[PDB]
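Raw run21.txt, compact mmCIF, N, CA and C atoms:
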# COMPACT_ATOMS: atom_id res chain seq x y z
N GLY A 19 -13.71 82.41 43.08
CA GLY A 19 -14.44 81.34 42.37
C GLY A 19 -15.36 80.59 43.31
N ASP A 20 -16.66 80.90 43.30
CA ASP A 20 -17.68 80.21 44.11
C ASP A 20 -17.89 78.75 43.65
N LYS A 21 -17.95 77.81 44.61
CA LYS A 21 -18.07 76.36 44.36
C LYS A 21 -19.39 75.72 44.83
N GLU A 22 -20.24 76.47 45.53
CA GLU A 22 -21.58 76.02 45.95
C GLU A 22 -22.57 75.95 44.76
N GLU A 23 -23.63 75.15 44.91
CA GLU A 23 -24.75 75.02 43.97
C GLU A 23 -26.09 74.78 44.70
N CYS A 24 -27.19 74.68 43.94
CA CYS A 24 -28.53 74.34 44.42
C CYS A 24 -29.03 73.01 43.84
N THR A 25 -29.61 72.17 44.70
CA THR A 25 -30.07 70.79 44.41
C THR A 25 -31.41 70.54 45.12
N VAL A 26 -32.19 69.55 44.65
CA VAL A 26 -33.47 69.12 45.26
C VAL A 26 -33.34 68.85 46.78
N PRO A 27 -34.06 69.59 47.65
CA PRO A 27 -34.04 69.38 49.10
C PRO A 27 -34.91 68.17 49.52
N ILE A 28 -34.88 67.84 50.82
CA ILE A 28 -35.64 66.73 51.42
C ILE A 28 -37.15 66.90 51.18
N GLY A 29 -37.80 65.81 50.77
CA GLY A 29 -39.23 65.72 50.43
C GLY A 29 -39.44 65.09 49.05
N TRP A 30 -38.90 65.73 48.01
CA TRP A 30 -38.91 65.24 46.63
C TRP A 30 -37.75 64.28 46.31
N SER A 31 -37.77 63.74 45.09
CA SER A 31 -36.80 62.79 44.53
C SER A 31 -36.57 63.08 43.05
N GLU A 32 -35.32 63.33 42.65
CA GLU A 32 -34.94 63.54 41.24
C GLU A 32 -35.04 62.24 40.38
N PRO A 33 -35.27 62.36 39.06
CA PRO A 33 -35.30 61.23 38.13
C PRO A 33 -33.91 60.62 37.92
N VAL A 34 -33.76 59.32 38.21
CA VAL A 34 -32.52 58.55 37.99
C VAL A 34 -32.24 58.31 36.49
N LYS A 35 -33.30 58.29 35.67
CA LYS A 35 -33.27 58.17 34.20
C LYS A 35 -32.74 59.44 33.50
N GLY A 36 -32.47 59.33 32.20
CA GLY A 36 -32.15 60.45 31.30
C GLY A 36 -32.33 60.06 29.83
N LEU A 37 -32.70 61.03 28.98
CA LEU A 37 -32.97 60.83 27.55
C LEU A 37 -32.67 62.11 26.74
N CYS A 38 -31.39 62.35 26.46
CA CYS A 38 -30.91 63.48 25.65
C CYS A 38 -31.29 63.40 24.15
N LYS A 39 -31.93 62.30 23.72
CA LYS A 39 -32.37 62.01 22.35
C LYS A 39 -33.52 62.91 21.85
N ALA A 40 -34.29 63.53 22.75
CA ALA A 40 -35.39 64.43 22.39
C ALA A 40 -34.89 65.73 21.71
N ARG A 41 -35.79 66.39 20.97
CA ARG A 41 -35.57 67.67 20.25
C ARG A 41 -35.97 68.90 21.08
N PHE A 42 -36.33 68.69 22.34
CA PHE A 42 -36.71 69.64 23.37
C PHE A 42 -36.17 69.14 24.72
N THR A 43 -36.21 70.02 25.71
CA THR A 43 -35.82 69.77 27.11
C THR A 43 -36.77 70.52 28.05
N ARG A 44 -36.95 70.02 29.28
CA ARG A 44 -37.90 70.56 30.27
C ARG A 44 -37.22 70.84 31.62
N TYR A 45 -37.68 71.88 32.31
CA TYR A 45 -37.06 72.43 33.52
C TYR A 45 -38.14 72.79 34.55
N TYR A 46 -38.03 72.27 35.78
CA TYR A 46 -39.05 72.38 36.83
C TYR A 46 -38.45 72.82 38.17
N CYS A 47 -39.01 73.86 38.79
CA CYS A 47 -38.57 74.36 40.10
C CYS A 47 -38.94 73.38 41.23
N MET A 48 -37.94 72.93 42.00
CA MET A 48 -38.14 72.16 43.24
C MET A 48 -38.38 73.11 44.43
N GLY A 49 -37.32 73.52 45.13
CA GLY A 49 -37.37 74.43 46.28
C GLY A 49 -37.14 75.89 45.89
N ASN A 50 -36.01 76.16 45.23
CA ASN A 50 -35.58 77.48 44.77
C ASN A 50 -35.13 77.49 43.29
N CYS A 51 -34.27 76.56 42.90
CA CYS A 51 -33.77 76.39 41.53
C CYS A 51 -34.61 75.38 40.73
N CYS A 52 -34.40 75.34 39.41
CA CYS A 52 -35.01 74.39 38.48
C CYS A 52 -33.98 73.56 37.70
N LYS A 53 -33.81 72.30 38.13
CA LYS A 53 -33.01 71.28 37.43
C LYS A 53 -33.67 70.80 36.13
N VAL A 54 -32.87 70.08 35.34
CA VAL A 54 -33.26 69.45 34.07
C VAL A 54 -33.79 68.04 34.27
N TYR A 55 -34.99 67.78 33.74
CA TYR A 55 -35.71 66.51 33.82
C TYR A 55 -36.27 66.11 32.44
N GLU A 56 -36.60 64.83 32.27
CA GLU A 56 -37.05 64.25 30.99
C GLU A 56 -38.37 63.48 31.15
N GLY A 57 -39.47 64.24 31.16
CA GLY A 57 -40.86 63.75 31.21
C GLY A 57 -41.87 64.88 31.42
N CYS A 58 -43.16 64.58 31.22
CA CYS A 58 -44.28 65.50 31.44
C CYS A 58 -44.74 65.47 32.92
N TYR A 59 -43.92 66.04 33.81
CA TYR A 59 -44.15 66.14 35.26
C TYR A 59 -45.22 67.20 35.58
N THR A 60 -46.50 66.83 35.42
CA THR A 60 -47.68 67.70 35.62
C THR A 60 -47.63 69.01 34.79
N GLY A 61 -47.01 68.97 33.61
CA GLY A 61 -46.88 70.08 32.66
C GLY A 61 -45.80 71.10 33.02
N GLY A 62 -45.96 71.78 34.16
CA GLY A 62 -45.05 72.79 34.72
C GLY A 62 -44.66 73.91 33.75
N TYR A 63 -43.36 74.03 33.45
CA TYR A 63 -42.78 75.08 32.59
C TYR A 63 -41.94 74.48 31.44
N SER A 64 -41.84 75.22 30.33
CA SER A 64 -41.17 74.79 29.08
C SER A 64 -39.96 75.66 28.69
N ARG A 65 -39.58 76.62 29.54
CA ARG A 65 -38.40 77.49 29.42
C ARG A 65 -37.65 77.56 30.75
N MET A 66 -36.32 77.57 30.69
CA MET A 66 -35.47 77.76 31.87
C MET A 66 -35.67 79.16 32.50
N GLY A 67 -36.00 80.18 31.69
CA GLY A 67 -36.35 81.52 32.18
C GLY A 67 -37.62 81.53 33.03
N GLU A 68 -38.66 80.81 32.61
CA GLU A 68 -39.93 80.68 33.35
C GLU A 68 -39.76 79.95 34.68
N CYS A 69 -39.08 78.80 34.71
CA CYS A 69 -38.89 78.06 35.96
C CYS A 69 -37.98 78.79 36.97
N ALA A 70 -37.14 79.72 36.50
CA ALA A 70 -36.36 80.64 37.31
C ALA A 70 -37.22 81.81 37.82
N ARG A 71 -37.79 82.65 36.94
CA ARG A 71 -38.49 83.89 37.31
C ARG A 71 -39.73 83.70 38.20
N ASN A 72 -40.39 82.54 38.10
CA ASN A 72 -41.52 82.16 38.96
C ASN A 72 -41.10 81.60 40.34
N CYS A 73 -39.79 81.46 40.60
CA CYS A 73 -39.20 80.93 41.84
C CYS A 73 -38.16 81.89 42.47
N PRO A 74 -37.73 81.65 43.73
CA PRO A 74 -36.79 82.54 44.44
C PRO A 74 -35.31 82.36 44.05
N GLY A 75 -34.97 81.32 43.26
CA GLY A 75 -33.62 81.02 42.76
C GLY A 75 -33.37 81.50 41.33
How does this structure look as structure tokens?
Amino acid sequence: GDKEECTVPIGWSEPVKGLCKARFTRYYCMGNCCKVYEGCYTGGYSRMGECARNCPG
């Protein structure tokens, strides 16, 4: 049972806010993986598959 994960590395800053009330969700690649965020962060990607396949994670 592996216990490691991937998180935003030094340079960027994750959103302290959250809003699960929306009828959609957005996912953006930081270094390797793409965490869940709630805003129009320069458009980016609209599928978890896209933010994964366009990145090394």
Write out as a PDB file with N, CA and C atoms, keeping the file's coordinate frame the set of residues from range 24-73 of chain A that DSSP, computed on the backbone, places in strand (DSSP E or B).
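states.pdb written:
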ATOM      1  N   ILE A  28     -34.880  67.840  50.820  1.00  0.00           N
ATOM      2  CA  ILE A  28     -35.640  66.730  51.420  1.00  0.00           C
ATOM      3  C   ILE A  28     -37.150  66.900  51.180  1.00  0.00           C
ATOM      4  N   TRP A  30     -38.900  65.730  48.010  1.00  0.00           N
ATOM      5  CA  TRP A  30     -38.910  65.240  46.630  1.00  0.00           C
ATOM      6  C   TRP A  30     -37.750  64.280  46.310  1.00  0.00           C
ATOM      7  N   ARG A  44     -36.950  70.020  29.280  1.00  0.00           N
ATOM      8  CA  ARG A  44     -37.900  70.560  30.270  1.00  0.00           C
ATOM      9  C   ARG A  44     -37.220  70.840  31.620  1.00  0.00           C
ATOM     10  N   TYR A  45     -37.680  71.880  32.310  1.00  0.00           N
ATOM     11  CA  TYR A  45     -37.060  72.430  33.520  1.00  0.00           C
ATOM     12  C   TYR A  45     -38.140  72.790  34.550  1.00  0.00           C
ATOM     13  N   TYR A  46     -38.030  72.270  35.780  1.00  0.00           N
ATOM     14  CA  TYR A  46     -39.050  72.380  36.830  1.00  0.00           C
ATOM     15  C   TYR A  46     -38.450  72.820  38.170  1.00  0.00           C
ATOM     16  N   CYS A  47     -39.010  73.860  38.790  1.00  0.00           N
ATOM     17  CA  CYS A  47     -38.570  74.360  40.100  1.00  0.00           C
ATOM     18  C   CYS A  47     -38.940  73.380  41.230  1.00  0.00           C
ATOM     19  N   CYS A  52     -34.400  75.340  39.410  1.00  0.00           N
ATOM     20  CA  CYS A  52     -35.010  74.390  38.480  1.00  0.00           C
ATOM     21  C   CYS A  52     -33.980  73.560  37.700  1.00  0.00           C
ATOM     22  N   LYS A  53     -33.810  72.300  38.130  1.00  0.00           N
ATOM     23  CA  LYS A  53     -33.010  71.280  37.430  1.00  0.00           C
ATOM     24  C   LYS A  53     -33.670  70.800  36.130  1.00  0.00           C
ATOM     25  N   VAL A  54     -32.870  70.080  35.340  1.00  0.00           N
ATOM     26  CA  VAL A  54     -33.260  69.450  34.070  1.00  0.00           C
ATOM     27  C   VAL A  54     -33.790  68.040  34.270  1.00  0.00           C
ATOM     28  N   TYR A  55     -34.990  67.780  33.740  1.00  0.00           N
ATOM     29  CA  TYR A  55     -35.710  66.510  33.820  1.00  0.00           C
ATOM     30  C   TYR A  55     -36.270  66.110  32.440  1.00  0.00           C
TER      31      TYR A  55
END
Determine which residues of chain A DSSP labels as helix (DSSP H, G or I) from the backbone of this structure, then write them out as a PyMOL selection string.
chain A and resi 66-71
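Within 9 Å of range 42-52 of chain A there are residues 24, 25, 26, 27, 30, 38, 56, 57, 58, 59, 62, 63, 64, 65, 66, 68, 69, 70, 72, 73, 74 and 75 of chain A, counting only C-alpha atoms and ignoring same-chain residues fewer than 4 positions away.
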Rounded to one decimal in Å, what is the spacing between CA of residue 28 in chain A and atom N of residue 53 in chain A?
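Between CA of residue 28 in chain A and atom N of residue 53 in chain A the gap works out to 14.5 Å.
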Please indicate the distance in Å from CA of residue 36 in chain A to atom N of residue 55 in chain A, rounded to one decimal place.
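Computing it gives 8.2 Å between the two atoms.
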Would you work out the distance separating atom N of residue 54 in chain A from atom N of residue 33 in chain A, expressed in Å to one decimal?
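That distance, rounded to one decimal, is 8.9 Å.
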Incomplete range 35-53 of chain A filled out to N, CA, C and O atoms as a compact mmCIF listing (two decimals), keeping the file's coordinate frame:
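Writing the result to part-v4.txt gives the following:
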# COMPACT_ATOMS: atom_id res chain seq x y z
N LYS A 35 -33.30 58.29 35.67
CA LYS A 35 -33.27 58.17 34.20
C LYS A 35 -32.74 59.44 33.50
O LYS A 35 -32.66 60.52 34.10
N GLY A 36 -32.47 59.33 32.20
CA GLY A 36 -32.15 60.45 31.30
C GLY A 36 -32.33 60.06 29.83
O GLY A 36 -32.12 58.90 29.46
N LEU A 37 -32.70 61.03 28.98
CA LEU A 37 -32.97 60.83 27.55
C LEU A 37 -32.67 62.11 26.74
O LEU A 37 -33.57 62.85 26.34
N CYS A 38 -31.39 62.35 26.46
CA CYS A 38 -30.91 63.48 25.65
C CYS A 38 -31.29 63.40 24.15
O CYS A 38 -31.00 64.33 23.38
N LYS A 39 -31.93 62.30 23.72
CA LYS A 39 -32.37 62.01 22.35
C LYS A 39 -33.52 62.91 21.85
O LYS A 39 -33.71 63.02 20.63
N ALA A 40 -34.29 63.53 22.75
CA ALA A 40 -35.39 64.43 22.39
C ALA A 40 -34.89 65.73 21.71
O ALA A 40 -33.75 66.16 21.89
N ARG A 41 -35.79 66.39 20.97
CA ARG A 41 -35.57 67.67 20.25
C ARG A 41 -35.97 68.90 21.08
O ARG A 41 -35.96 70.03 20.58
N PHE A 42 -36.33 68.69 22.34
CA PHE A 42 -36.71 69.64 23.37
C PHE A 42 -36.17 69.14 24.72
O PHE A 42 -35.77 67.98 24.86
N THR A 43 -36.21 70.02 25.71
CA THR A 43 -35.82 69.77 27.11
C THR A 43 -36.77 70.52 28.05
O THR A 43 -37.33 71.55 27.67
N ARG A 44 -36.95 70.02 29.28
CA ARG A 44 -37.90 70.56 30.27
C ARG A 44 -37.22 70.84 31.62
O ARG A 44 -36.31 70.12 32.03
N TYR A 45 -37.68 71.88 32.31
CA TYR A 45 -37.06 72.43 33.52
C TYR A 45 -38.14 72.79 34.55
O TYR A 45 -39.07 73.53 34.25
N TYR A 46 -38.03 72.27 35.78
CA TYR A 46 -39.05 72.38 36.83
C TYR A 46 -38.45 72.82 38.17
O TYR A 46 -37.47 72.23 38.64
N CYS A 47 -39.01 73.86 38.79
CA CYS A 47 -38.57 74.36 40.10
C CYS A 47 -38.94 73.38 41.23
O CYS A 47 -40.11 73.04 41.40
N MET A 48 -37.94 72.93 42.00
CA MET A 48 -38.14 72.16 43.24
C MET A 48 -38.38 73.11 44.43
O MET A 48 -39.52 73.50 44.68
N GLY A 49 -37.32 73.52 45.13
CA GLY A 49 -37.37 74.43 46.28
C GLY A 49 -37.14 75.89 45.89
O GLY A 49 -37.97 76.76 46.18
N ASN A 50 -36.01 76.16 45.23
CA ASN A 50 -35.58 77.48 44.77
C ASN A 50 -35.13 77.49 43.29
O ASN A 50 -35.59 78.34 42.53
N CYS A 51 -34.27 76.56 42.90
CA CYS A 51 -33.77 76.39 41.53
C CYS A 51 -34.61 75.38 40.73
O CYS A 51 -35.38 74.59 41.30
N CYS A 52 -34.40 75.34 39.41
CA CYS A 52 -35.01 74.39 38.48
C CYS A 52 -33.98 73.56 37.70
O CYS A 52 -33.35 74.03 36.75
N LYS A 53 -33.81 72.30 38.13
CA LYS A 53 -33.01 71.28 37.43
C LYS A 53 -33.67 70.80 36.13
O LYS A 53 -34.84 71.06 35.86
